[PDB]
């Protein structure tokens, strides 16, 4: 049987019922005990309403907005009898404002992104620095400094950000064993950072290759993806963004830093989904990824920062996304950027439309004595259908991470505002691994200088293959 981890006696408030909400609700019903009538789904769309009604779940057809979120959500979060859980899987809503509302009213909180209120992403009066995920994350860090401790709110606990933070810790443990580095397993952030430094990890790619393909050819003027099209396009049009490692000797002319905050990131004055980087995964081998901004690019680099007494950073890894989405999404990007505007329509691939493929999602640690190491999941669509309904492999890696975060929050309900890097990674992977298919570690001798230089002059750094100067693709 499937484990029922805990009883939830309070209200379960799910904000948003898109691809991730539809895959997460069945997991919540499977793994927690509660009266089904205590669950409530809020979503503005008719499509979501019909799906919730088909499940006999209470539904409120409203867009949560800055104007209504307090009057709308407080009664739902405080309905009792016990502590409620707010499961935020929406677009167009402020993660920070909803999280602070939940904590104000004693309700647990989890989300998979630091989302702003509608309008932020395309606000023409915002400076590029202000549109960065670094800046949005800094609003969460400030909230934590302002109100330490208290009710647990889990920020950015999906597949990536989320799970990959746990993969980094496991990968560091495996690397220490394989490199003969002795010592006890870290138990504090400082100890984790020092292990990464001692192992010589120069940087980390969130190295992903989605090979799911549809039973129909990509339609003209339709954006196709395996998860949120609105969310992927939004993050893809934000600046390319990365955690910036101490080993880097070069940044492009259009790179910029931040005057304040944790200090772990840079951004480029170009859209991340039109920025290519050289990377590698077990199934793809050498591939292009897109340098799409992601919270974990900053959070992981920040988490693994070592500082001296004066507080200056002496070690920090480079960390960023290196995303090869499904073929139809690759075509959708070429179409969107080539036309200069979003397609007229979009669709997310349903499991019934996917004929084969996997979502290979892992972390690539590089620069150490064994060059590069990839650790992560190779979950296939066939396995997904076997073990979880209403979602594809992309969705299941996300929904199962939300499940793990919820289990952790119930067992640690007064931990304050926390990121995935703050959770107990072993417990979270213990809950999530049944839904991840093959989880494997693979070494490779590939480097970004493989085969280079070619028949054209290239601006490369031959002294250190893994420099960003060698990873970034110029156009």
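Positions refer to the first chain, counted from 1.
Worksheet item: Looking at the deposited entry, does 103 to 111 or 286 to 294 carry the larger mean Cα B-factor?
Response: Higher mean C-alpha B-factor: 103 to 111.
Item to complete: Would you determine, from the values in the PDB entry, which of 78 to 86 and 207 to 215 has the greater average C-alpha temperature factor?
Response: 78 to 86 has the higher mean C-alpha B-factor.
Item to complete: Name the residue from 182, 394, 377, 384 with the greatest C-alpha temperature factor listed in the entry.
Response: That would be 182, according to the entry.
Worksheet item: For the listed residues 414, 447, 65, 61, which one has the largest C-alpha B-factor as given in the deposited model?
Response: Each of 414, 447, 65, 61 was compared by C-alpha B-factor; the highest is 414.
Item to complete: Just say lowest, middle or highest third for the CA B-factor of residue 70 relative to the other modelled residues in its chain.
Response: Residue 70: CA B-factor falls in the lowest third of its chain.
Discussion item. By the recorded C-alpha temperature factor, relative to the other modelled residues in its chain, which third is residue 41 in?
Written reply: Within its chain, residue 41 is a lowest-third residue by C-alpha B-factor, going by the deposited values.
Worksheet entry | Chain-relative CA temperature factor third for residue 121 | Its C-alpha B-factor, which the entry lists for residue 121, ranks in the highest third among residues of this chain.
Worksheet item: Hey, what third does residue 174 fall into on Cα B-factor, ranked over its chain?
Response: Middle third by C-alpha B-factor.
Worksheet entry | residue 471 - which third its CA temperature factor falls in, relative to the rest of the chain | Lowest third - that is where residue 471 ends up once the chain's C-alpha B-factors are sorted.
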